[PDB]
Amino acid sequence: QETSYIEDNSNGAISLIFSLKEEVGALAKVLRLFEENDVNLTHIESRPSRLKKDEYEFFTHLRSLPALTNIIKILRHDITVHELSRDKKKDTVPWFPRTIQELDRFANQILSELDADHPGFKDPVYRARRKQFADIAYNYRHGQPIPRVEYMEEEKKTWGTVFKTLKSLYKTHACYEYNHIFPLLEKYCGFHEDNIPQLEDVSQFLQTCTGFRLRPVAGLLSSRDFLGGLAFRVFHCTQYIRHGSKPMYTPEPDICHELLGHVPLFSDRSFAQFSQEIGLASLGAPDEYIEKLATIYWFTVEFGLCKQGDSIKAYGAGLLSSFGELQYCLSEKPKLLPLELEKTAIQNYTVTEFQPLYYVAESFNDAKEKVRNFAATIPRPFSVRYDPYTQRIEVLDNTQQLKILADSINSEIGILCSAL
């Protein structure tokens, strides 16, 4: 079977989320509870609430269980609290990153290079060169510029072989959005047959296009971690390349799969929103619905097809980076079905051979709304929204007050921008 769902592995991170009113002396009453239980002001933030203006929002990221199981009791009865845990005990919500900076916590929790069947296994250089890229990811923290790497001549050859063979297929097999950005990457990035572009230059390009940014990663994270990073429009990226012995095969993601399959789509604004809704749906979702999201991600982002007029084309990264399947998925051999998440979430699939079937999406805006509807069925005691101004996640139990405030803004832009 070998599905793409990777369970999350874990001192388990324990974080709290709660807001309180300023009617009685609230800041003093809460801060003293933390100082008395050996908690400095560095593991607690107090920010104003946007939904009432007379409330404070509190964030705690705590290693110290006996000093933590006592605050929850005194805090809940004497006055709403959401407990986030990485080990996901009962009566708790699965932990998720509240700010882009918190992505640094579990960015190095990949599994296991060390696979005997890997193409480049009987190679001391390649096996060692992989450790170099892994160290870049393990030591990278948010905000930092992605360290640049000088690719060897033997490695640019592999890139060239994959680049030239796929560039000939994009004009006819890739969706319009792909061919819309690709010329830009050829001019403003090092997207050339005889050059490998640096992830830093690409990240800076995405940031100026849709706000998406890249993050080095050593290997494969848990599905929870990966999708969680999409809520912040952060895409964990590998910096290594396949072994030059078989440029047309890879059991794992490499810079080729992600630069030629993933990056161009994240440059489109409509697609950035769609993929973001998938990540947003994973924040605090149980493991049962994470696998469902991983399956949707598989049949939409990696191996998804889209309707373009009277014809169909491909937009999945797994398809746009594979020379053989990109032609097989567009033929009349595979089975095509309309995109319906209730069926895709449970559909079984394989990772070794080509996909027997493909799901066709009407559009990205159409697929986006399907994710929102599916996000509602996911049992969560709150709603989530991303704030690009502060780059934090907003926990929303009365989420309805914020969506309306966004409409009142968008509507005043249609009557003001009235040229004629």
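Sequential numbering from 1, following the sequence displayed.
Unmodelled residues of the deposited sequence between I79 and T80: 1 to 3. Coordinates are absent for 1 to 3 residues of the deposited sequence placed between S112 and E113. Stretches compared: 68-76, 217-225. Higher mean C-alpha B-factor in the entry: 68-76. For the two regions 331-339 and 183-191, the entry's Cα B-factors average higher over 331-339. The residue among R129, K307, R105, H142 whose C-alpha atom has the highest B-factor in the PDB entry is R105. Looking at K90, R233, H257, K171, the one whose CA carries the top B-factor in the deposited record is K90.
Ranked within its chain, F133 lands in the middle third, by CA B factor from the PDB record. When all modelled residues of the chain are sorted by CA temperature factor, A345 is found within the middle third.
Per the PDB record, residue ranking by Cα B-factor puts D117 in the highest third of the chain. Placement of the Cα temperature factor of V301 within the chain: middle third of the modelled residues, per the deposited record.
Annotation for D366: CA B-factor lies in the middle third of the chain's modelled residues.
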